[PDB]
């Protein structure tokens, strides 16, 4: 499969740090409390509405050596925050009642869905991609945005979600 390219046109490096940024508006990834969550202990991964853009390490899920030098499209991945305040926190999908499958920091909610993330070309515009979630033993779903009653742009997972198109900035 094709290697995924960063915004500068270089192949993504396996385990490298990149800043995922929304193509159409430049917003990055943020972690805030949504719903009944405590604002001092945010657990929701969202598209930022406050100019925050956290960097993430993107790694192949399979760690058996030799690991791929570059990230390829449709390759199973593990994504984790690379910097404070959530250094090392891993992205996970939680089948959140009654909202549905959404992205949350891993290890907090018990209802996590086993699976991995993958990347595919997101549009005709070069170096633009979309993220998918592929649960174990099930077809892959798109990752899109859903605005909650408080105005937070939650990252949700569904077959019908309009894919969030992003670019990867080397960080």
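Positions refer to the first chain, counted from 1.
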Quick note on 116-124 and 141-149: per-entry mean CA temperature factor is higher in 116-124
I need to verify one thing: averaged over C-alpha atoms only, is the B-factor higher for 162-170 or for 2-10? 162-170
Out of 47, 63, 130, 104, whose C-alpha atom has the biggest B factor in the entry? 63
Criterion, highest CA B-factor; candidates, 35, 42, 135, 26: 26
Lowest, middle or highest third - CA B-factor, residue 74: lowest
Among all modelled residues of this chain, ranked by Cα B factor, put residue 58 in the bottom, middle or top third, i.e. lowest, middle or highest. lowest
Split the chain's modelled residues into thirds by Cα B-factor; is residue 90 in the lowest, middle or highest one? middle
